[PDB]
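Printed here is structure32.txt (compact mmCIF, C-alpha atoms):
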```
# COMPACT_ATOMS: atom_id res chain seq x y z
CA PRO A 4 -19.82 17.30 -12.44
CA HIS A 5 -17.80 14.52 -10.62
CA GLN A 6 -14.53 14.40 -8.60
CA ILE A 7 -12.20 11.56 -7.67
CA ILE A 8 -10.49 11.63 -4.27
CA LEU A 9 -7.55 9.42 -3.19
CA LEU A 10 -8.04 8.74 0.55
CA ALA A 11 -4.93 8.09 2.63
CA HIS A 12 -4.25 7.54 6.29
CA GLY A 13 -2.78 10.77 7.37
CA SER A 14 0.10 11.29 9.72
CA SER A 15 1.84 13.99 11.70
CA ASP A 16 5.11 12.66 10.22
CA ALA A 17 6.05 15.02 7.30
CA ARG A 18 7.94 12.12 5.70
CA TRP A 19 4.77 10.00 5.57
CA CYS A 20 2.75 12.79 3.99
CA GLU A 21 5.52 13.52 1.45
CA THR A 22 5.58 9.85 0.40
CA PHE A 23 1.80 9.86 -0.13
CA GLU A 24 1.88 13.18 -2.01
CA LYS A 25 4.40 11.64 -4.40
CA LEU A 26 2.23 8.44 -4.67
CA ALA A 27 -0.75 10.60 -5.63
CA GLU A 28 1.24 12.91 -8.00
CA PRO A 29 0.81 10.98 -11.28
CA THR A 30 -2.95 10.84 -10.63
CA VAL A 31 -3.23 14.49 -9.60
CA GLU A 32 -1.24 15.65 -12.64
CA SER A 33 -3.13 13.41 -15.09
CA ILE A 34 -6.76 13.52 -13.94
CA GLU A 35 -8.81 16.75 -13.85
CA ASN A 36 -9.45 17.91 -10.26
CA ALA A 37 -8.35 14.57 -8.64
CA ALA A 38 -7.00 15.19 -5.16
CA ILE A 39 -5.54 13.41 -2.15
CA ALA A 40 -7.26 13.72 1.19
CA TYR A 41 -6.40 12.36 4.62
CA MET A 42 -8.61 10.55 7.16
CA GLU A 43 -6.84 12.28 10.02
CA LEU A 44 -3.94 14.41 11.20
CA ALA A 45 -2.96 15.98 7.84
CA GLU A 46 -4.64 18.53 5.64
CA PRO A 47 -6.65 18.35 3.53
CA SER A 48 -9.33 16.27 5.20
CA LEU A 49 -12.13 14.65 3.20
CA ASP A 50 -14.48 17.34 4.57
CA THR A 51 -12.21 20.01 3.23
CA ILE A 52 -12.06 18.50 -0.26
CA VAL A 53 -15.80 17.80 -0.32
CA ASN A 54 -16.72 21.34 0.91
CA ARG A 55 -14.45 22.93 -1.70
CA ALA A 56 -15.79 20.73 -4.55
CA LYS A 57 -19.39 21.31 -3.54
CA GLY A 58 -18.82 25.08 -3.62
CA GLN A 59 -17.62 24.61 -7.22
CA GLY A 60 -20.79 22.68 -8.23
CA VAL A 61 -19.71 19.08 -7.57
CA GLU A 62 -22.13 16.72 -5.78
CA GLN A 63 -20.81 13.37 -7.12
CA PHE A 64 -17.60 11.83 -5.87
CA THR A 65 -15.64 8.62 -6.00
CA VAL A 66 -13.29 7.81 -3.10
CA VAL A 67 -10.36 5.54 -3.89
CA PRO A 68 -8.67 4.31 -0.69
CA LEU A 69 -4.85 4.40 -0.88
CA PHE A 70 -4.62 1.34 1.40
CA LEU A 71 -2.86 -1.92 0.61
CA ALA A 72 -5.43 -3.58 2.87
CA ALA A 73 -8.27 -2.78 5.25
CA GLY A 74 -8.62 -4.53 8.60
CA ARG A 75 -11.86 -4.88 10.63
CA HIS A 76 -11.85 -1.29 11.95
CA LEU A 77 -11.21 0.34 8.50
CA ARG A 78 -13.95 -1.86 6.98
CA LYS A 79 -16.55 -0.41 9.36
CA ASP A 80 -15.16 3.08 9.78
CA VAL A 81 -14.49 4.19 6.21
CA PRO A 82 -18.03 3.48 4.97
CA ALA A 83 -19.44 5.14 8.13
CA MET A 84 -17.30 8.19 7.34
CA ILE A 85 -18.65 8.15 3.74
CA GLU A 86 -22.28 8.01 4.98
CA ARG A 87 -21.55 10.83 7.43
CA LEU A 88 -20.07 13.03 4.69
CA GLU A 89 -22.95 12.32 2.31
CA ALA A 90 -25.52 13.24 4.94
CA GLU A 91 -23.76 16.37 6.16
CA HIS A 92 -22.91 17.84 2.76
CA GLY A 93 -25.79 16.51 0.67
CA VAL A 94 -23.54 14.76 -1.82
CA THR A 95 -23.22 11.26 -3.33
CA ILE A 96 -19.95 9.35 -2.77
CA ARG A 97 -19.10 5.97 -4.24
CA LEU A 98 -16.52 4.15 -2.14
CA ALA A 99 -14.23 2.17 -4.43
CA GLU A 100 -12.33 -0.85 -3.21
CA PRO A 101 -8.83 -0.24 -1.69
CA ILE A 102 -6.02 -0.12 -4.23
CA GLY A 103 -4.50 -3.21 -2.62
CA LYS A 104 -7.37 -5.32 -3.99
CA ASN A 105 -6.54 -4.39 -7.59
CA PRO A 106 -4.41 -6.85 -9.54
CA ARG A 107 -2.38 -3.95 -10.99
CA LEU A 108 -0.72 -3.48 -7.59
CA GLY A 109 0.46 -7.11 -7.51
CA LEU A 110 1.94 -6.64 -10.96
CA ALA A 111 3.67 -3.39 -9.94
CA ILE A 112 5.17 -5.16 -6.92
CA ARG A 113 6.67 -7.83 -9.21
CA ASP A 114 8.20 -5.05 -11.39
CA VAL A 115 9.68 -3.42 -8.31
CA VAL A 116 11.06 -6.77 -7.14
CA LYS A 117 12.75 -7.26 -10.52
CA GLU A 118 14.36 -3.83 -10.15
CA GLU A 119 15.58 -4.73 -6.67
CA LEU A 120 17.09 -8.02 -7.92
CA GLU A 121 19.03 -6.05 -10.55
CA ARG A 122 20.38 -3.85 -7.69
CA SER A 123 21.12 -6.87 -5.40
CA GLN B 3 23.07 -16.55 -7.15
CA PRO B 4 20.61 -17.63 -5.63
CA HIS B 5 19.06 -14.55 -4.04
CA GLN B 6 15.95 -14.86 -1.89
CA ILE B 7 13.38 -12.09 -2.00
CA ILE B 8 11.27 -11.68 1.14
CA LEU B 9 8.16 -9.51 0.69
CA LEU B 10 7.61 -8.14 4.18
CA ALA B 11 4.12 -7.20 5.46
CA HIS B 12 2.55 -6.45 8.89
CA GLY B 13 0.56 -9.48 10.05
CA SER B 14 -2.77 -9.64 11.76
CA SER B 15 -5.16 -12.15 13.12
CA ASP B 16 -7.61 -10.58 10.58
CA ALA B 17 -8.08 -13.12 7.78
CA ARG B 18 -9.05 -10.55 5.17
CA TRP B 19 -5.96 -8.45 5.92
CA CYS B 20 -3.56 -11.41 5.45
CA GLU B 21 -5.46 -12.65 2.31
CA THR B 22 -5.03 -9.21 0.72
CA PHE B 23 -1.27 -9.30 1.26
CA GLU B 24 -0.99 -12.89 0.07
CA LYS B 25 -2.73 -11.84 -3.14
CA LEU B 26 -0.46 -8.75 -3.46
CA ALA B 27 2.54 -11.06 -3.23
CA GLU B 28 1.19 -13.80 -5.51
CA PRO B 29 2.40 -12.54 -8.96
CA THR B 30 5.95 -12.21 -7.54
CA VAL B 31 6.03 -15.45 -5.66
CA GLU B 32 4.60 -17.47 -8.59
CA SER B 33 6.63 -15.68 -11.31
CA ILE B 34 10.13 -15.63 -9.94
CA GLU B 35 12.24 -18.11 -8.15
CA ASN B 36 13.11 -17.82 -4.45
CA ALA B 37 10.49 -15.25 -3.47
CA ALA B 38 8.18 -15.47 -0.42
CA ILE B 39 5.92 -13.31 1.72
CA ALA B 40 6.70 -12.99 5.42
CA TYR B 41 4.95 -11.15 8.23
CA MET B 42 6.66 -8.95 10.84
CA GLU B 43 4.29 -10.29 13.53
CA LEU B 44 0.96 -11.98 14.41
CA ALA B 45 0.84 -14.26 11.33
CA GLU B 46 2.97 -17.05 9.84
CA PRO B 47 5.32 -17.32 8.17
CA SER B 48 7.59 -15.05 10.17
CA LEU B 49 10.86 -13.65 8.81
CA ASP B 50 12.77 -16.22 10.86
CA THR B 51 10.74 -19.05 9.26
CA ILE B 52 11.42 -17.86 5.74
CA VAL B 53 15.12 -17.27 6.44
CA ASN B 54 15.38 -20.65 8.21
CA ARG B 55 13.76 -22.30 5.17
CA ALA B 56 15.83 -20.58 2.45
CA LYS B 57 18.95 -21.31 4.59
CA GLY B 58 17.98 -24.97 5.03
CA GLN B 59 17.97 -25.03 1.17
CA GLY B 60 21.40 -23.30 0.84
CA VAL B 61 20.36 -19.66 0.32
CA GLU B 62 22.66 -17.21 2.04
CA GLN B 63 21.76 -13.83 0.38
CA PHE B 64 18.41 -12.10 0.96
CA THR B 65 16.69 -8.85 0.08
CA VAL B 66 13.71 -7.70 2.17
CA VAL B 67 11.24 -5.66 0.11
CA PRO B 68 8.79 -3.93 2.53
CA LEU B 69 5.16 -4.18 1.33
CA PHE B 70 4.47 -0.72 2.78
CA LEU B 71 3.36 2.46 1.04
CA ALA B 72 5.24 4.48 3.60
CA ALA B 73 7.45 3.61 6.51
CA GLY B 74 6.44 4.32 10.09
CA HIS B 76 8.60 2.92 14.19
CA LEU B 77 9.04 0.19 11.44
CA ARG B 78 12.16 2.26 10.51
CA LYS B 79 13.71 0.91 13.78
CA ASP B 80 12.16 -2.51 14.32
CA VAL B 81 12.99 -4.06 10.90
CA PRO B 82 16.74 -3.18 10.95
CA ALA B 83 17.05 -4.68 14.41
CA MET B 84 15.23 -7.86 13.23
CA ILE B 85 17.56 -8.08 10.22
CA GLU B 86 20.69 -7.73 12.40
CA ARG B 87 19.40 -10.50 14.72
CA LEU B 88 18.49 -12.84 11.83
CA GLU B 89 21.84 -12.29 10.14
CA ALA B 90 23.68 -13.26 13.36
CA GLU B 91 21.35 -16.14 14.31
CA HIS B 92 21.46 -17.64 10.79
CA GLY B 93 24.84 -16.42 9.39
CA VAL B 94 23.28 -14.74 6.33
CA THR B 95 23.42 -11.36 4.55
CA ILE B 96 20.10 -9.47 4.24
CA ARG B 97 19.73 -6.20 2.36
CA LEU B 98 16.79 -3.99 3.34
CA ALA B 99 15.25 -2.43 0.22
CA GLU B 100 13.19 0.79 0.27
CA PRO B 101 9.41 0.30 0.91
CA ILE B 102 7.42 -0.26 -2.33
CA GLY B 103 5.73 3.13 -1.87
CA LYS B 104 9.00 4.92 -2.62
CA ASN B 105 9.08 3.39 -6.12
CA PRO B 106 7.62 5.52 -8.97
CA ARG B 107 6.00 2.37 -10.34
CA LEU B 108 3.44 2.44 -7.52
CA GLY B 109 2.28 5.99 -8.32
CA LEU B 110 1.75 4.91 -11.91
CA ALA B 111 -0.17 1.79 -10.89
CA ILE B 112 -2.34 3.95 -8.63
CA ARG B 113 -3.10 6.28 -11.55
CA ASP B 114 -4.06 3.27 -13.67
CA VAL B 115 -6.47 2.05 -10.94
CA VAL B 116 -7.93 5.55 -10.53
CA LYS B 117 -8.59 5.68 -14.34
CA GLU B 118 -10.48 2.36 -14.09
CA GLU B 119 -12.56 3.77 -11.21
CA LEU B 120 -13.24 7.03 -12.99
CA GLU B 121 -14.47 5.11 -16.05
CA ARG B 122 -16.68 2.99 -13.78
CA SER B 123 -18.18 6.10 -12.13
CA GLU B 124 -18.37 8.45 -15.19
CA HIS B 125 -19.53 5.97 -17.88
```
Step by step, read the file and then write its structure as C-alpha cells.
Amino acid sequence: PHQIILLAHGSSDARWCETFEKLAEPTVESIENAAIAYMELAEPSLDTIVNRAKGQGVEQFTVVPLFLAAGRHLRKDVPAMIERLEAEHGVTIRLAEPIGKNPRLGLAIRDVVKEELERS
Amino acid sequence: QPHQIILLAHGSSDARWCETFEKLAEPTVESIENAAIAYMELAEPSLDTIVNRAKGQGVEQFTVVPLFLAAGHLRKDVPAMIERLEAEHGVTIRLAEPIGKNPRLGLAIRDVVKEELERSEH
C-alpha cells in the first residue's frame, strides 16, 4: 500500500544517530511500517528503505523531513533526491514539508521551555 | 526572578532559514515573559546582544535552550561562548539540553507524521 519515511541528516557520530532514533521512536512504534532513513553516512539510506518496501509491494511513499529548517542547498537537493529515487525505483514519493514548518513544533518548544523554567 | 530564556539557533544569511527559526520561537517569545531567540552566528540578534539587552533591563539569570534536534562541534563552541558572556557581562547562564533530547519533540513529530499520513492516505 503506502509507507511513511522520516528523513534525517545522518552522521558518523553514534550520539547523533541515537538522538534521532529516539526522536523517531514514538512514530515508529505507533505507525505501521513507518521508518527513519538517513540522507548520508548512517544506515538505513532512503534507497535501502525504498528497495525493501518495494520488494514488499509498496510503490507509494511520503517522506517527512526531520529538519527544523532547510537552507538553499537542502531546498534543491532533497527534491532532486526524491526525483532520482522515483525514477530509479519506479515509485511515487510525496515530499512533505520539514517538521520545523509545522506549528506543533513551536508549541512543543514552548512546553519544553516551561519545563526548563521549572528546573531553573 | 526574573529569568531570561534564550532560544539558541544557528544563523544564516538565508532568509528562509532564519524565518523558520523565528516562527519556531514565536509561541514561546509571545507567550512567556523574558524569552528571545538568538543566533550563534551570521544573523542578529547574537547571544551578546540578547544578554546585553536583558542585562541593561536588570536580568542577571539566563537559561540557553538550544533549538537543535541533536548537538554537533556545537558541544564545544556554546560552552565557551557562555563562559565569555558570563565574564564580560557578570551574569549566570545555564545551558539546557538541546530540544531534541526532550520526549516532547518525539511526540510532536508523531503528531505531524499522523497529519501527513492522513493527507497522503485519505
May I have the residues at most 8 Å from (-21.4, 10.1, -15.1) in the file's coordinates, counting all atoms listed in the file, as an MDAnalysis selection string? (chainID A and resid 4:5) or (chainID B and resid 123:125)
If we count only C-alpha atoms, what is near residue 102 (chain A) at a cut-off of 10 Å, once residues fewer than 2 positions away on the same chain are taken out, given as number ranges by chain? A: 9, 67-72, 99-100, 104-108; B: 111-112, 115-116
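Residue nearest chain A, chosen from B:57, B:78, B:87, B:117 and counting only C-alpha atoms: B:117.
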Any idea which chain B residues end up within 6 Å of chain A if we count all atoms listed in the file, as an mmCIF file with C-alpha atoms, in the frame of the given file please?
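The file below, out08.cif, is the result:
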```cif
data_model
loop_
_atom_site.group_PDB
_atom_site.id
_atom_site.type_symbol
_atom_site.label_atom_id
_atom_site.label_comp_id
_atom_site.auth_asym_id
_atom_site.auth_seq_id
_atom_site.Cartn_x
_atom_site.Cartn_y
_atom_site.Cartn_z
ATOM 1 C CA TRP B 19 -5.960 -8.450 5.920
ATOM 2 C CA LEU B 26 -0.460 -8.750 -3.460
ATOM 3 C CA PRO B 29 2.400 -12.540 -8.960
ATOM 4 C CA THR B 30 5.950 -12.210 -7.540
ATOM 5 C CA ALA B 72 5.240 4.480 3.600
ATOM 6 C CA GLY B 109 2.280 5.990 -8.320
ATOM 7 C CA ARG B 113 -3.100 6.280 -11.550
#
```
Applying 6 Å and only C-alpha atoms, which residues near region 39-43 of chain B remain after dropping the ones on its own chain fewer than 6 positions away? List them as a count of residues only. 7
Residues within 12 Å of residue 85 (chain A), please, as a ChimeraX atom specification. Count only C-alpha atoms; anything in the same chain fewer than 2 positions from it doesn't count. /A:8,10,42,49-50,53,64-68,77-83,87-99
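We find CA of residue 76 (chain A) and CA of residue 15 (chain B) to be spaced 12.8 Å apart.
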When you draw a straight line from CA of residue 118 (chain B) to CA of residue 38 (chain B), how long is it in Å?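 We find that CA of residue 118 (chain B) and CA of residue 38 (chain B) lie 29.2 Å from each other.
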Quick one: 8 Å padding each side, axis-aligned, all listed atoms of region 35-43 of chain B - centre and edge lengths in Å to one decimal, as lines of an AutoDock Vina configuration file?
```
center_x = 8.7
center_y = -13.5
center_z = 2.7
size_x = 24.8
size_y = 25.2
size_z = 37.7
```
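For the pair CA of residue 104 (chain B) and CA of residue 34 (chain B), the separation is 21.8 Å.
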For each of B:36, B:97, B:119, B:71, take the minimum atom-to-atom distance to residue 59 (chain B), counting only C-alpha atoms, then give the residue where this is smallest.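 Between B:36, B:97, B:119, B:71, the residue approaching residue 59 (chain B) most closely is B:36.
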Please output region 19-30 of chain B, rebuilt to include N, CA, C and O atoms, as an mmCIF file, keeping the file's coordinate frame.
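Output file part.cif follows:
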```cif
data_model
loop_
_atom_site.group_PDB
_atom_site.id
_atom_site.type_symbol
_atom_site.label_atom_id
_atom_site.label_comp_id
_atom_site.auth_asym_id
_atom_site.auth_seq_id
_atom_site.Cartn_x
_atom_site.Cartn_y
_atom_site.Cartn_z
ATOM 1 N N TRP B 19 -7.182 -9.173 5.993
ATOM 2 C CA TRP B 19 -5.960 -8.450 5.920
ATOM 3 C C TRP B 19 -4.853 -9.339 5.293
ATOM 4 O O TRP B 19 -4.188 -8.933 4.321
ATOM 5 N N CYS B 20 -4.632 -10.503 5.910
ATOM 6 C CA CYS B 20 -3.560 -11.410 5.450
ATOM 7 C C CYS B 20 -3.802 -11.886 4.007
ATOM 8 O O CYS B 20 -2.846 -11.870 3.191
ATOM 9 N N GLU B 21 -5.041 -12.243 3.687
ATOM 10 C CA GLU B 21 -5.460 -12.650 2.310
ATOM 11 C C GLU B 21 -5.117 -11.565 1.283
ATOM 12 O O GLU B 21 -4.698 -11.852 0.162
ATOM 13 N N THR B 22 -5.365 -10.317 1.637
ATOM 14 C CA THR B 22 -5.030 -9.210 0.720
ATOM 15 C C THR B 22 -3.542 -9.174 0.450
ATOM 16 O O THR B 22 -3.101 -9.000 -0.706
ATOM 17 N N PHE B 23 -2.704 -9.318 1.476
ATOM 18 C CA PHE B 23 -1.270 -9.300 1.260
ATOM 19 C C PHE B 23 -0.791 -10.520 0.525
ATOM 20 O O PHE B 23 0.091 -10.420 -0.302
ATOM 21 N N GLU B 24 -1.385 -11.671 0.808
ATOM 22 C CA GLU B 24 -0.990 -12.890 0.070
ATOM 23 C C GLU B 24 -1.253 -12.710 -1.414
ATOM 24 O O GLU B 24 -0.397 -13.032 -2.251
ATOM 25 N N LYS B 25 -2.400 -12.129 -1.748
ATOM 26 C CA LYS B 25 -2.730 -11.840 -3.140
ATOM 27 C C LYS B 25 -1.810 -10.797 -3.769
ATOM 28 O O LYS B 25 -1.451 -10.941 -4.930
ATOM 29 N N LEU B 26 -1.431 -9.757 -3.010
ATOM 30 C CA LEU B 26 -0.460 -8.750 -3.460
ATOM 31 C C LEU B 26 0.887 -9.385 -3.797
ATOM 32 O O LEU B 26 1.570 -8.982 -4.759
ATOM 33 N N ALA B 27 1.269 -10.386 -3.015
ATOM 34 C CA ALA B 27 2.540 -11.060 -3.230
ATOM 35 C C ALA B 27 2.513 -12.107 -4.346
ATOM 36 O O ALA B 27 3.587 -12.478 -4.876
ATOM 37 N N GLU B 28 1.332 -12.579 -4.698
ATOM 38 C CA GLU B 28 1.190 -13.800 -5.510
ATOM 39 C C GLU B 28 1.850 -13.724 -6.912
ATOM 40 O O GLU B 28 2.549 -14.651 -7.270
ATOM 41 N N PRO B 29 1.667 -12.628 -7.655
ATOM 42 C CA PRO B 29 2.400 -12.540 -8.960
ATOM 43 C C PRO B 29 3.935 -12.676 -8.828
ATOM 44 O O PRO B 29 4.586 -13.371 -9.625
ATOM 45 N N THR B 30 4.513 -12.055 -7.801
ATOM 46 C CA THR B 30 5.950 -12.210 -7.540
ATOM 47 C C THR B 30 6.327 -13.622 -7.171
ATOM 48 O O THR B 30 7.220 -14.243 -7.770
#
```
